[PDB]
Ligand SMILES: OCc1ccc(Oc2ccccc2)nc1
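One chain follows as structure tokens, the form deposited without the named molecule.
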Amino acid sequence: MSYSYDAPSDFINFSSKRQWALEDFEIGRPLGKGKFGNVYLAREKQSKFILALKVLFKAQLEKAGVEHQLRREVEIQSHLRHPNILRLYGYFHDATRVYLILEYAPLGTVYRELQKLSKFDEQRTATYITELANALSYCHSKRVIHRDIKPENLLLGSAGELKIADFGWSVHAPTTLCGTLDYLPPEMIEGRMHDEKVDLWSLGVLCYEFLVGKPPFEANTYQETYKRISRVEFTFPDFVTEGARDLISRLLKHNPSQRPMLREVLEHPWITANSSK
């Protein structure tokens, strides 16, 4: 397979054209194990800049048929630059391996934070939703839809700032296709999986999970969860305040066009009453 991506492979001077080489990095402890290779804490040798190096094995990527997914993830993420989006500085590859040079987020995942605290107060929740909506507003200005927002894909920086990670399901949103609607089925004309409103629903699920400690459609079988999502059937515990209910209910709409714009989330009075941000 071709590992020539439309993504940077140029060496970066982190203190302030040569391409990356494995010899540029002092490889330290494993940070995590992925399906195709691990993530290591690493340092670029010249600058001593601390980063995360994700090592993936080409043989394994091709056997699984996920190499074009990796290509798209790298091409998308490496062109996003925002303080609440995990940076992908570049990539390179050698005879057997692909290497992703990533921002190191030192304080783990929001998934872990929720495990530890069970639920978040309204200030932490509103701050995190502010950070996510800012990150997603930036994505949508680049016509990028993330499509896999959930707590294990939210990493924490050293000041506790949220970092959206995992662009493996993202797409670059918007011809002769639509010039002629006559031959298109309803689902091609609507194009809902390519609508930026996908990510607004996930923001509502997160806001609920942050406050309650479980997501609103949780069930012990897939079929019951899908049923409740389809009916938008969920309930609030008594302790969820009316302002929080208003925002969450606005976001969890089956019809994506009824969901709010991200600016309306950022400007919601419950968010501005409670955010540190």
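We number the residues from 1 along the sequence you see.
Beyond the structure shown, there is the form deposited with the named molecule bound, which is absent from this document and is the topic of what follows.
Pocket accessibility when the named molecule, as posed in the entry with it bound, is superimposed onto this form, judged at 2.4 Å from backbone or C-beta: Blocked.
Output flag, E67, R71 and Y91 jointly within 4.5 Å of the named molecule in the entry with it bound, heavy atom basis: Checking in the entry with it bound: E67, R71 and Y91 are all within 4.5 Å of the named molecule.
Under a 4.5 Å heavy atom criterion, is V98 part of the interface with the named molecule in the entry with it bound? Heavy-atom contact with the named molecule at 4.5 Å: present for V98.
Considering only 38 to 60, what residues come within 4.5 Å of the named molecule in the entry with it bound, judged by heavy atoms? Result: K58 alone.
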